[PDB]
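In structure tokens, the next block holds one chain alone, the form deposited in one PDB entry.
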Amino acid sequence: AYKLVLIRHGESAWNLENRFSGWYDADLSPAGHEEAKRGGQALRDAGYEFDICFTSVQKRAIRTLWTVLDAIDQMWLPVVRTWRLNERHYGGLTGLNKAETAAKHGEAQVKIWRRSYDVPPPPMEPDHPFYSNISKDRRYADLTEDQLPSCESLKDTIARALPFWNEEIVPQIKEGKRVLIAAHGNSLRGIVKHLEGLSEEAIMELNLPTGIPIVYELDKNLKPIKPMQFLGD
């Protein structure tokens, strides 16, 4: 029975997890850092051991992983970072709070976006205050023109995450390597969807909690042999 563990980072600075932070590289808030500590301590009290870690290229996920690896005295582990595990790209909405989103686009369009699986929000355009900050970030310079999103539907997000799971993470798990994934709600969502074979309506309802380890036990075909478990209280 393979053992797999996911963790989702906690709160970021300037309330950005409630402002469609997306591909903006918001750091963790102090509270989010503390959550990561607690998730780490939990993994330590339970004596978990990993052999390799996967994360995104966004600092709030990376710091969550650093914090965890610190807590469990495993900062020596190999770490692979990939843009394919980034949070969903929210296009023009990146940085808007809920009221500003409604004011600028109207309630009807917002609802359709909230509930649609393959309707992207509007793309982030060059006068967006995050446009060059994200799309001209060195860390994406190896991405083809069609790989760099200006916006993403949830389906887009999953479609770009799944290839990295297939080609990079599955082979590690199959070799018996205990894997830890520190990433974001919507990239984790694609992994949980493909694991449990969930529906679009189902994955759009799943609300993964932040800062607590998410344990999977999988059979020899990478299928869950029970539901997901949490670690802590």
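We call the rigid core whatever largest set of C-alpha positions still superposes within 1.5 Å between the two forms. Numbers for residues come from their place in the sequence shown, where the first is 1.
### Task
Give the stretch, out of 56 to 64 and 172 to 180, with the larger mean C-alpha temperature factor in the deposited entry.
Looking at the recorded C-alpha B-factors, 172 to 180 comes out higher on average.
### Of 2 to 10 and 223 to 231, the one with larger mean CA B-factor
Comparing 223 to 231 with 2 to 10, the higher average CA B-factor belongs to 223 to 231.
### Residue selected from 87, 146, 100, 137 by maximal Cα B factor
Among 87, 146, 100, 137, the PDB entry lists the largest C-alpha B-factor for 146.
#### Entry: Ranked C-alpha temperature factor of residue 36 among modelled chain residues, by third
Residue 36: CA B-factor falls in the middle third of its chain.
### Message
Quick check for you: using the entry's CA B-factors within this chain, is residue 206 in the lowest, middle or highest third?
### Response
Residue 206: CA B-factor falls in the highest third of its chain.
### Task
Taking the values exactly as deposited, rank residue 188 by C-alpha B-factor within its chain and report the matching third: lowest, middle or highest.
For residue 188, the deposited C-alpha B-factor lands in the middle third.
### Third assignment of residue 49 from its chain's C-alpha B-factors
It belongs to the middle third of the chain when residues are ordered by C-alpha B-factor.
### Query
By the record's CA B-factor, is residue 81 among the lowest, middle or highest third of residues in the chain?
CA B-factor rank for residue 81: lowest third.
Keep in mind the form deposited in another entry is missing from the figure; the text below concerns it.
### Message
Rigid core superposed, CA of residue 17 - does it shift 2 Å or more between the shown form and the other one?
### Response
Yes, shifts by 2 Å or more.
### Message
Does residue 136 move appreciably between the shown form and the other one, meaning a CA displacement of 2 Å or more on the superposed rigid core?
### Response
It does not, since the residue 136 C-alpha is displaced less than 2 Å between the shown form and the other one after the core fit.
### Message
Taking the rigid core as the reference frame, tell me whether residue 147 has a CA displacement of 2 angstroms or more between the shown form and the other one.
### Response
The answer is no, as the C-alpha of residue 147 shifts between the shown form and the other one by less than 2 Å after core alignment.
### Query
Relative to the form shown here, do the C-alpha atoms of residue 205 and residue 108 sit closer together or farther apart in the other entry, given a change of 3 Å or more?
Compared with this form, residue 205 and residue 108 lie closer in the other entry.
### Message
At a change of 3 Å or more, would you call the C-alpha separation of residue 115 and residue 32 in the other entry closer or farther than in the form supplied?
### Response
Closer is correct, given that in the other entry the C-alpha spacing of residue 115 to residue 32 is reduced by at least 3 Å.
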